[PDB]
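In what follows, a single structure is set out as structure tokens and then discussed.
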Amino acid sequence: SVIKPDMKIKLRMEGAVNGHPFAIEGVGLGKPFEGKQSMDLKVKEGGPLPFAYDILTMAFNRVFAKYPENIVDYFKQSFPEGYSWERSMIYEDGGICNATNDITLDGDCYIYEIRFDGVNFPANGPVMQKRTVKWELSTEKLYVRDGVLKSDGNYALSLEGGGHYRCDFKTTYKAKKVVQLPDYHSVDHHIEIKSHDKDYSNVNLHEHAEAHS
């Protein structure tokens, strides 16, 4: 109804990591029915970022995931009004991140207002020492609890010179109107920084997602 196969994205993130503030904004586009998207992100404050960019990328919209006919699509159903999400991320070395996103739609452009806050990242850790390479394929598990859609995920960042750095994601999704709620299902994610400048001021980000059951 308000979804075309080609959709635009505009966003601003405000946040802090270990009490050091920053701000990034982004512009991009995707194909909601194909579950593909890409965007260019520029750091506007707090640059150059003194931490691994990788902790941000997942904050940078489940509308962009291919849903099969036999699984309820909570996200596409939530427009034109939109929906929002809250999320906690607990890394195995005690660094903890919180984020929220409020998603509105203007014509054919999704608009994000994002808050991000990380704390307790050790100075000698892979995050503050920028030793991360990429997120491995992520399997997100979705279920309903007290009339709200929620998700769990056990993700992992590959590290410079081998090994992995683990993080547990917990997300709550809230449509702004009442929408049909899905049954239990999975979403596979591929997320990738395809190109960036040396200090990550500019970053070109890609994601591809498919739901399964």
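FYI, nothing fancy with the structure tokens labels: chains A, B, ... in order, residues from 1 per chain, ligands from 1 as they appear.
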Residue 149 in chain A: which residues within 10 Å, counting only C-alpha atoms, same-chain residues fewer than 4 positions away excluded, as a list in words?
residues 74, 85, 142, 143, 144, 145, 171, 172, 173, 174, 175, 181, 182, 183 and 184 of chain A
Could you pull out the alpha helix (DSSP H) residues of chain A, going by DSSP on the backbone, and write them as JSON, numbers by chain?
{"A": [74, 75, 76, 77]}
Next, write the just-selected residues to a file, as a short mmCIF file (atom, residue, chain, number, x, y, z; two decimals), in the first residue's frame, keeping N, CA and C atoms as the atom set.
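Saved as again_21.cif:
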```
data_model
loop_
_atom_site.label_atom_id
_atom_site.label_comp_id
_atom_site.auth_asym_id
_atom_site.auth_seq_id
_atom_site.Cartn_x
_atom_site.Cartn_y
_atom_site.Cartn_z
N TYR A 74 5.14 -8.70 10.47
CA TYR A 74 4.78 -7.65 11.43
C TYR A 74 5.26 -6.28 10.95
N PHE A 75 6.39 -6.25 10.25
CA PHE A 75 7.04 -4.98 9.91
C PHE A 75 6.39 -4.21 8.76
N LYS A 76 6.24 -4.85 7.60
CA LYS A 76 5.53 -4.20 6.50
C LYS A 76 4.08 -3.81 6.86
N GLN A 77 3.44 -4.59 7.74
CA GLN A 77 2.06 -4.33 8.16
C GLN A 77 1.96 -3.06 9.02
#
```
Find the residues around residue 35 in chain A up to 7 Å (only C-alpha atoms counted), leave out those fewer than 6 positions away in its own chain, and share them as a VMD selection string.
chain A and resid 64 to 66 208 to 210
Exercise: residue 193 in chain A partners within 12 Å, only C-alpha atoms, chain neighbours under 5 positions left out, as an NGL selection string
:A and (37-41 or 53-58 or 60 or 132-135 or 200 or 202-207)
Same residues, N, CA, C and O atoms, saved as a PDB file, in the first residue's frame:
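And here's selection15.pdb as it stands now:
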```
ATOM      1  N   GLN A  37      19.360  -4.044   1.227  1.00  0.00           N
ATOM      2  CA  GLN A  37      19.492  -2.598   1.427  1.00  0.00           C
ATOM      3  C   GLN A  37      20.957  -2.175   1.506  1.00  0.00           C
ATOM      4  O   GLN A  37      21.846  -3.008   1.759  1.00  0.00           O
ATOM      5  N   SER A  38      21.197  -0.879   1.305  1.00  0.00           N
ATOM      6  CA  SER A  38      22.539  -0.312   1.389  1.00  0.00           C
ATOM      7  C   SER A  38      22.437   1.173   1.686  1.00  0.00           C
ATOM      8  O   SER A  38      21.447   1.824   1.347  1.00  0.00           O
ATOM      9  N   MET A  39      23.471   1.711   2.315  1.00  0.00           N
ATOM     10  CA  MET A  39      23.447   3.104   2.715  1.00  0.00           C
ATOM     11  C   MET A  39      24.865   3.637   2.846  1.00  0.00           C
ATOM     12  O   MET A  39      25.820   2.865   2.984  1.00  0.00           O
ATOM     13  N   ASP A  40      25.000   4.956   2.780  1.00  0.00           N
ATOM     14  CA  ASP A  40      26.287   5.601   3.028  1.00  0.00           C
ATOM     15  C   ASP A  40      26.158   6.387   4.322  1.00  0.00           C
ATOM     16  O   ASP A  40      25.158   7.088   4.537  1.00  0.00           O
ATOM     17  N   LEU A  41      27.145   6.249   5.200  1.00  0.00           N
ATOM     18  CA  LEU A  41      27.053   6.856   6.526  1.00  0.00           C
ATOM     19  C   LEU A  41      28.240   7.788   6.735  1.00  0.00           C
ATOM     20  O   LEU A  41      29.393   7.402   6.488  1.00  0.00           O
ATOM     21  N   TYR A  53      33.741   0.327  14.502  1.00  0.00           N
ATOM     22  CA  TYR A  53      32.492   0.717  13.847  1.00  0.00           C
ATOM     23  C   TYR A  53      31.478  -0.418  13.893  1.00  0.00           C
ATOM     24  O   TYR A  53      30.260  -0.198  14.027  1.00  0.00           O
ATOM     25  N   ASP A  54      31.993  -1.638  13.782  1.00  0.00           N
ATOM     26  CA  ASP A  54      31.142  -2.826  13.780  1.00  0.00           C
ATOM     27  C   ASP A  54      30.066  -2.870  14.864  1.00  0.00           C
ATOM     28  O   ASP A  54      29.017  -3.488  14.657  1.00  0.00           O
ATOM     29  N   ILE A  55      30.292  -2.222  16.006  1.00  0.00           N
ATOM     30  CA  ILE A  55      29.271  -2.279  17.057  1.00  0.00           C
ATOM     31  C   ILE A  55      28.044  -1.444  16.697  1.00  0.00           C
ATOM     32  O   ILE A  55      27.036  -1.493  17.398  1.00  0.00           O
ATOM     33  N   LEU A  56      28.122  -0.682  15.606  1.00  0.00           N
ATOM     34  CA  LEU A  56      27.044   0.241  15.273  1.00  0.00           C
ATOM     35  C   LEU A  56      26.157  -0.290  14.169  1.00  0.00           C
ATOM     36  O   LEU A  56      24.996   0.116  14.034  1.00  0.00           O
ATOM     37  N   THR A  57      26.707  -1.199  13.370  1.00  0.00           N
ATOM     38  CA  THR A  57      26.142  -1.426  12.043  1.00  0.00           C
ATOM     39  C   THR A  57      24.748  -2.025  12.133  1.00  0.00           C
ATOM     40  O   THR A  57      23.874  -1.717  11.317  1.00  0.00           O
ATOM     41  N   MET A  58      24.541  -2.878  13.132  1.00  0.00           N
ATOM     42  CA  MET A  58      23.239  -3.495  13.300  1.00  0.00           C
ATOM     43  C   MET A  58      22.171  -2.496  13.757  1.00  0.00           C
ATOM     44  O   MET A  58      20.999  -2.682  13.450  1.00  0.00           O
ATOM     45  N   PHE A  60      22.100   0.459  12.446  1.00  0.00           N
ATOM     46  CA  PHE A  60      21.776   1.104  11.172  1.00  0.00           C
ATOM     47  C   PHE A  60      20.902   0.193  10.325  1.00  0.00           C
ATOM     48  O   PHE A  60      19.961   0.649   9.676  1.00  0.00           O
ATOM     49  N   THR A 132      38.211  -5.733  15.255  1.00  0.00           N
ATOM     50  CA  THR A 132      37.140  -6.542  14.663  1.00  0.00           C
ATOM     51  C   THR A 132      37.196  -6.556  13.116  1.00  0.00           C
ATOM     52  O   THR A 132      37.558  -5.555  12.483  1.00  0.00           O
ATOM     53  N   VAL A 133      36.827  -7.682  12.512  1.00  0.00           N
ATOM     54  CA  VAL A 133      36.817  -7.785  11.051  1.00  0.00           C
ATOM     55  C   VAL A 133      35.394  -7.708  10.456  1.00  0.00           C
ATOM     56  O   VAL A 133      35.106  -6.848   9.621  1.00  0.00           O
ATOM     57  N   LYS A 134      34.511  -8.619  10.866  1.00  0.00           N
ATOM     58  CA  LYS A 134      33.150  -8.627  10.331  1.00  0.00           C
ATOM     59  C   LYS A 134      32.204  -9.460  11.206  1.00  0.00           C
ATOM     60  O   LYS A 134      32.650 -10.330  11.971  1.00  0.00           O
ATOM     61  N   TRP A 135      30.903  -9.185  11.109  1.00  0.00           N
ATOM     62  CA  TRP A 135      29.912 -10.064  11.724  1.00  0.00           C
ATOM     63  C   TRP A 135      29.708 -11.336  10.884  1.00  0.00           C
ATOM     64  O   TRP A 135      29.462 -11.268   9.666  1.00  0.00           O
ATOM     65  N   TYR A 200      37.062   5.678   8.983  1.00  0.00           N
ATOM     66  CA  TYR A 200      35.641   5.303   9.017  1.00  0.00           C
ATOM     67  C   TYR A 200      34.658   6.489   9.055  1.00  0.00           C
ATOM     68  O   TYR A 200      33.473   6.302   9.355  1.00  0.00           O
ATOM     69  N   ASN A 202      33.551   7.933   6.509  1.00  0.00           N
ATOM     70  CA  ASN A 202      32.598   7.495   5.495  1.00  0.00           C
ATOM     71  C   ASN A 202      32.562   5.975   5.417  1.00  0.00           C
ATOM     72  O   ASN A 202      33.612   5.308   5.398  1.00  0.00           O
ATOM     73  N   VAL A 203      31.350   5.439   5.384  1.00  0.00           N
ATOM     74  CA  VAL A 203      31.133   4.002   5.353  1.00  0.00           C
ATOM     75  C   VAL A 203      29.937   3.659   4.475  1.00  0.00           C
ATOM     76  O   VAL A 203      28.859   4.286   4.575  1.00  0.00           O
ATOM     77  N   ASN A 204      30.140   2.646   3.631  1.00  0.00           N
ATOM     78  CA  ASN A 204      29.092   2.119   2.773  1.00  0.00           C
ATOM     79  C   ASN A 204      28.672   0.757   3.312  1.00  0.00           C
ATOM     80  O   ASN A 204      29.465  -0.186   3.323  1.00  0.00           O
ATOM     81  N   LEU A 205      27.433   0.670   3.792  1.00  0.00           N
ATOM     82  CA  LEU A 205      26.964  -0.514   4.517  1.00  0.00           C
ATOM     83  C   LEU A 205      25.859  -1.287   3.763  1.00  0.00           C
ATOM     84  O   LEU A 205      24.952  -0.682   3.172  1.00  0.00           O
ATOM     85  N   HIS A 206      25.937  -2.619   3.794  1.00  0.00           N
ATOM     86  CA  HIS A 206      24.975  -3.487   3.096  1.00  0.00           C
ATOM     87  C   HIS A 206      24.414  -4.558   4.028  1.00  0.00           C
ATOM     88  O   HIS A 206      25.133  -5.117   4.853  1.00  0.00           O
ATOM     89  N   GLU A 207      23.139  -4.878   3.862  1.00  0.00           N
ATOM     90  CA  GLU A 207      22.519  -5.966   4.606  1.00  0.00           C
ATOM     91  C   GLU A 207      21.574  -6.745   3.703  1.00  0.00           C
ATOM     92  O   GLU A 207      20.946  -6.189   2.805  1.00  0.00           O
TER      93      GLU A 207
END
```
Atomic separation - CA of residue 92 in chain A relative to CA of residue 157 in chain A, Å:
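Distance between the two atoms: 11.2 Å.
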How many Å lie between CA of residue 11 in chain A and CA of residue 191 in chain A, rounded to one decimal?
17.6 Å
Taking only C-alpha atoms into account, name the residue in A:192, A:167, A:88, A:27 that is nearest to residue 109 in chain A.
A:27
Within 8 Å of range 17-19 of chain A, counting only C-alpha atoms, which residues show up once you throw out same-chain ones fewer than 3 positions away? Write them as a PDB file with N, CA, C and O atoms, in the first residue's frame, please.
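Just written: out_15.pdb:
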```pdb
ATOM      1  N   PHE A  51      36.511   3.707  18.465  1.00  0.00           N
ATOM      2  CA  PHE A  51      36.048   2.344  18.736  1.00  0.00           C
ATOM      3  C   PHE A  51      35.643   1.632  17.441  1.00  0.00           C
ATOM      4  O   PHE A  51      35.405   2.277  16.416  1.00  0.00           O
ATOM      5  N   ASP A 117      24.067   3.821  23.075  1.00  0.00           N
ATOM      6  CA  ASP A 117      24.929   4.064  24.242  1.00  0.00           C
ATOM      7  C   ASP A 117      25.648   2.807  24.687  1.00  0.00           C
ATOM      8  O   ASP A 117      25.017   1.842  25.119  1.00  0.00           O
ATOM      9  N   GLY A 118      26.972   2.815  24.559  1.00  0.00           N
ATOM     10  CA  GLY A 118      27.800   1.709  25.026  1.00  0.00           C
ATOM     11  C   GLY A 118      28.641   2.101  26.241  1.00  0.00           C
ATOM     12  O   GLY A 118      29.086   3.246  26.345  1.00  0.00           O
ATOM     13  N   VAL A 119      28.854   1.154  27.153  1.00  0.00           N
ATOM     14  CA  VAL A 119      29.655   1.403  28.342  1.00  0.00           C
ATOM     15  C   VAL A 119      30.489   0.174  28.718  1.00  0.00           C
ATOM     16  O   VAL A 119      30.235  -0.945  28.237  1.00  0.00           O
ATOM     17  N   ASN A 120      31.468   0.390  29.596  1.00  0.00           N
ATOM     18  CA  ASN A 120      32.312  -0.683  30.125  1.00  0.00           C
ATOM     19  C   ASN A 120      33.076  -1.488  29.067  1.00  0.00           C
ATOM     20  O   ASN A 120      33.330  -2.682  29.255  1.00  0.00           O
ATOM     21  N   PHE A 121      33.435  -0.852  27.958  1.00  0.00           N
ATOM     22  CA  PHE A 121      34.364  -1.497  27.034  1.00  0.00           C
ATOM     23  C   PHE A 121      35.786  -1.269  27.545  1.00  0.00           C
ATOM     24  O   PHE A 121      36.222  -0.123  27.683  1.00  0.00           O
TER      25      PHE A 121
END
```
